[PDB]
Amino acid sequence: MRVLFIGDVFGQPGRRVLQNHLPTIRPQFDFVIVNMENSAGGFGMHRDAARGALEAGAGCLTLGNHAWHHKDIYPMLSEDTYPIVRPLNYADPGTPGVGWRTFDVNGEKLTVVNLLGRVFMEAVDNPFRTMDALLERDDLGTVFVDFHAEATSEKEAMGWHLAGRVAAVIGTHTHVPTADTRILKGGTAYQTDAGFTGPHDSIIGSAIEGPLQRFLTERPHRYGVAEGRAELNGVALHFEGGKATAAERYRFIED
């Protein structure tokens, strides 16, 4: 019924706000989905990351681009206990973990699936056709899709391609929340990017000095996660009978 989707947790600052704030608004929701693809120092997710998240009220953990950058993801996916969803369109049959999980919110079924875009990114399986295939299952219920992609064109198409057959399509990866939050004809909440959960004053999550120096000198520079004030971006959703009846952004910036 009432679910909150939280964007890309980026390193400690991201983990910090997430673990301090989420619990302050967790009661107002029935389920909470969190994208943790940058949890571990900006790349991948580590064991502490996942623990901290779940302890905070996170019901589902989605990944994406950097799903495999930290060595902890394999044992976690292997010992299948944490509610983790990684990109579904990874075609290799032997890919660890699963591309979708269905949960029991309140006697109702909620399926959270994770998808990867391809434009301006590495090539994986066709996300559009992958979805047509997952949608031919029966046990799904209210379906939530986290489309991790760069290109706005590719994100908007997934929204129209899925409108009417999914409850929501929220994009992630670019780190800046978009103001196009809407409900597409058919009852499908849509927003090109939820925005991320990390350092408020930064360059896509990195310390400002590094990237600025790369852009200027065109030579490599070492860079780490930005320090200081952190922000948390997400989307508050309201579903009924497998569709979205209300969708609005949620944003908190720590003092």
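Don't overthink the numbering: it's just position in the shown sequence, from 1.
Given the B-factors recorded for C-alpha atoms, which segment has the greater mean, 174-182 or 92-100?
Higher of the two, by average CA B-factor, is 92-100.
So, looking at the entry's B-factor column for Cα atoms, which has the higher mean, 223-231 or 186-194?
The deposited B-factors put 223-231 ahead on the C-alpha mean.
For the listed residues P87, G141, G117, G159, which one has the largest C-alpha B-factor as given in the deposited model?
The record points to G141.
If you rank the chain by CA B-factor, which third does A247 end up in: lowest, middle or highest?
For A247, the deposited C-alpha B-factor lands in the lowest third.
Sorting the chain's modelled residues by C-alpha B-factor, tell me whether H66 ends up in the lowest, middle or highest third.
Middle third - that is where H66 ends up once the chain's C-alpha B-factors are sorted.
By the record's CA B-factor, is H238 among the lowest, middle or highest third of residues in the chain?
Lowest third - that is where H238 ends up once the chain's C-alpha B-factors are sorted.
Please place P83 in the lowest, middle or highest third of its chain by C-alpha B factor as given in the entry.
It falls in the top third of the chain.
Lowest, middle or highest third of the chain for the C-alpha temperature factor of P127?
Answer is lowest: the recorded C-alpha B-factor places it there.
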